[PDB]
Amino acid sequence: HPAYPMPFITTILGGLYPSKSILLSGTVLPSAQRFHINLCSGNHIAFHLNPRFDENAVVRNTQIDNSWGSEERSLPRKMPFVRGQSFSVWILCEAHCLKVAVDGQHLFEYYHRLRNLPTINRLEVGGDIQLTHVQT
Ligand SMILES: CC(=O)N[C@H]1[C@H]([C@H](O)[C@H](O)CO)O[C@@](O[C@H]2[C@@H](O)[C@@H](CO)O[C@@H](O[C@H]3[C@H](O)[C@@H](O)[C@H](O)O[C@@H]3CO)[C@@H]2O)(C(=O)O)C[C@@H]1O
Ligand code: NI
């Protein structure tokens, strides 16, 4: 299995809705600094999942136009993403929030800030990883 182009952008026909799942698998580059997964709506980023190896954190936020909201960084356990290590991310959309699991284990919830779920119809992946698979 080769690699997807990076950054990778693709439409999510129908957008989001309760029970909607988006899966991604890949490998964090050996000296990765950061990478991100965005769920977009028009010119806004409804959900920005941003693991950072330089800060050893997983940042989540929303951007309306060019205005970033308040970041959410809480984690129930140690940073699950590791440089040079393969990973899988599962994003499950519920009515009130997104539930995110990494490597098969739930990591956090993100309450919807952009609530018109069907309008969240674009996925963007960028940064320091080798993207090997996406299931929209
Ligand atoms: C190429 C480029 O310049 N685009 C960047 C953008 C912006 O342009 C940025 O001004 C320059 O990097 O930032 C990107 O990352 C930002 C994003 O992860 C947000 C999410 O909250 O955080 C920004 O950093 C915050 C930092 O976390 C805070 O502690 C600090 O108080 O404020 C910073 C600035 O708001 C990231 O820069 C982006 O995805 O928009 C990366 C792009 O490459
Ligand atoms: Ni496939």
# chains A, B, ... in the order shown; residues from 1 in each chain; ligands from 1
>>> residues_around(residues="region 15-19 of chain A", least_positions_apart="5", cutoff="8 Å", atoms="only C-alpha atoms", output="NGL selection string")
:A and (92-95 or 117-122)
>>> residues_around(residues="residue 38 (chain A)", least_positions_apart="5", cutoff="7 Å", atoms="only C-alpha atoms", output="list in words")
residues 45, 47, 48, 49, 123, 124 and 125 of chain A
>>> residues_near_ligand(ligand="ligand 2", cutoff="12 Å", atoms="only C-alpha atoms and all ligand atoms", output="PyMOL selection string")
chain A and resi 1-4+22-25+131-136
>>> write_last_selection(atoms="C-alpha atoms", output="short mmCIF file (atom, residue, chain, number, x, y, z; two decimals), in the first residue's frame")
data_model
loop_
_atom_site.label_atom_id
_atom_site.label_comp_id
_atom_site.auth_asym_id
_atom_site.auth_seq_id
_atom_site.Cartn_x
_atom_site.Cartn_y
_atom_site.Cartn_z
CA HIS A 1 0.00 0.00 0.00
CA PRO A 2 1.50 3.33 -1.16
CA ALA A 3 0.65 6.77 0.20
CA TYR A 4 -2.00 9.42 -0.36
CA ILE A 22 -14.42 8.98 9.34
CA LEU A 23 -11.38 6.73 9.70
CA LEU A 24 -7.76 7.44 8.89
CA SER A 25 -4.59 5.39 9.14
CA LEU A 131 -1.30 9.04 5.09
CA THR A 132 -2.06 5.45 4.09
CA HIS A 133 -5.84 5.21 4.20
CA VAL A 134 -9.03 7.17 4.59
CA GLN A 135 -12.57 5.84 4.98
CA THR A 136 -15.12 8.63 4.60
#
>>> closest_atom_pairs(of="chain A", to="ligand 1", cutoff="8 Å", atoms="only C-alpha atoms and all ligand atoms", output="CSV")
residue,atom,partner,partner_atom_place_in_ligand_line,distance
A:36,CA,ligand 1,39 (O),7.3
A:48,CA,ligand 1,20 (C),7.0
A:50,CA,ligand 1,18 (O),6.0
A:59,CA,ligand 1,20 (C),6.6
A:60,CA,ligand 1,21 (O),6.6
A:61,CA,ligand 1,21 (O),5.2
A:62,CA,ligand 1,21 (O),7.3
A:63,CA,ligand 1,20 (C),7.8
A:68,CA,ligand 1,21 (O),5.7
A:69,CA,ligand 1,21 (O),6.9
A:70,CA,ligand 1,21 (O),7.0
A:71,CA,ligand 1,21 (O),5.3
>>> write_last_selection(atoms="N, CA, C and O atoms", output="PDB file, in the first residue's frame")
ATOM      1  N   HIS A  36      -2.219  17.590  11.099  1.00  0.00           N
ATOM      2  CA  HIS A  36      -3.593  17.908  11.448  1.00  0.00           C
ATOM      3  C   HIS A  36      -4.603  17.233  10.547  1.00  0.00           C
ATOM      4  O   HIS A  36      -4.300  16.814   9.428  1.00  0.00           O
ATOM      5  N   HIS A  48     -10.628  20.883  14.073  1.00  0.00           N
ATOM      6  CA  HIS A  48      -9.202  20.850  13.779  1.00  0.00           C
ATOM      7  C   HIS A  48      -8.567  19.957  14.845  1.00  0.00           C
ATOM      8  O   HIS A  48      -8.552  20.308  16.023  1.00  0.00           O
ATOM      9  N   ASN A  50      -5.195  18.497  15.915  1.00  0.00           N
ATOM     10  CA  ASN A  50      -3.795  18.828  15.692  1.00  0.00           C
ATOM     11  C   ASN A  50      -2.781  18.268  16.704  1.00  0.00           C
ATOM     12  O   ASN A  50      -2.483  18.910  17.717  1.00  0.00           O
ATOM     13  N   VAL A  59      -4.031  19.236  20.188  1.00  0.00           N
ATOM     14  CA  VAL A  59      -4.859  20.428  20.177  1.00  0.00           C
ATOM     15  C   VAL A  59      -6.104  20.251  19.316  1.00  0.00           C
ATOM     16  O   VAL A  59      -6.047  19.681  18.223  1.00  0.00           O
ATOM     17  N   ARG A  60      -7.235  20.722  19.828  1.00  0.00           N
ATOM     18  CA  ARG A  60      -8.491  20.657  19.095  1.00  0.00           C
ATOM     19  C   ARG A  60      -9.073  22.057  19.106  1.00  0.00           C
ATOM     20  O   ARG A  60      -9.044  22.736  20.133  1.00  0.00           O
ATOM     21  N   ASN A  61      -9.592  22.499  17.967  1.00  0.00           N
ATOM     22  CA  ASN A  61     -10.164  23.831  17.901  1.00  0.00           C
ATOM     23  C   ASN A  61     -11.069  23.966  16.689  1.00  0.00           C
ATOM     24  O   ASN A  61     -11.226  23.038  15.892  1.00  0.00           O
ATOM     25  N   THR A  62     -11.658  25.147  16.569  1.00  0.00           N
ATOM     26  CA  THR A  62     -12.547  25.476  15.468  1.00  0.00           C
ATOM     27  C   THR A  62     -12.151  26.855  14.972  1.00  0.00           C
ATOM     28  O   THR A  62     -11.792  27.723  15.767  1.00  0.00           O
ATOM     29  N   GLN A  63     -12.210  27.053  13.661  1.00  0.00           N
ATOM     30  CA  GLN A  63     -11.868  28.346  13.085  1.00  0.00           C
ATOM     31  C   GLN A  63     -12.987  28.828  12.176  1.00  0.00           C
ATOM     32  O   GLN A  63     -13.434  28.113  11.278  1.00  0.00           O
ATOM     33  N   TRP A  68      -9.503  31.671  15.251  1.00  0.00           N
ATOM     34  CA  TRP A  68      -9.477  30.430  16.018  1.00  0.00           C
ATOM     35  C   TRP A  68     -10.198  30.610  17.352  1.00  0.00           C
ATOM     36  O   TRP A  68     -10.073  31.647  18.003  1.00  0.00           O
ATOM     37  N   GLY A  69     -10.960  29.600  17.755  1.00  0.00           N
ATOM     38  CA  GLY A  69     -11.654  29.688  19.025  1.00  0.00           C
ATOM     39  C   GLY A  69     -10.728  29.276  20.157  1.00  0.00           C
ATOM     40  O   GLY A  69      -9.497  29.299  20.022  1.00  0.00           O
ATOM     41  N   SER A  70     -11.319  28.894  21.280  1.00  0.00           N
ATOM     42  CA  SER A  70     -10.546  28.462  22.434  1.00  0.00           C
ATOM     43  C   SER A  70     -10.123  27.001  22.266  1.00  0.00           C
ATOM     44  O   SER A  70     -10.954  26.123  22.045  1.00  0.00           O
ATOM     45  N   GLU A  71      -8.826  26.746  22.383  1.00  0.00           N
ATOM     46  CA  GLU A  71      -8.295  25.396  22.223  1.00  0.00           C
ATOM     47  C   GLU A  71      -8.646  24.437  23.357  1.00  0.00           C
ATOM     48  O   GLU A  71      -8.790  24.837  24.509  1.00  0.00           O
TER      49      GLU A  71
END
>>> closest_residue(among="A:51, A:110, A:20, A:12", to="residue 39 (chain A)", atoms="only C-alpha atoms")
A:12
>>> residues_around(residues="residue 30 (chain A)", least_positions_apart="3", cutoff="12 Å", atoms="only C-alpha atoms", output="PyMOL selection string")
chain A and resi 27+33-34+53+81-86+128-130
>>> atom_distance(atom1="CA of residue 116 (chain A)", atom2="CA of residue 26 (chain A)")
29.1 Å
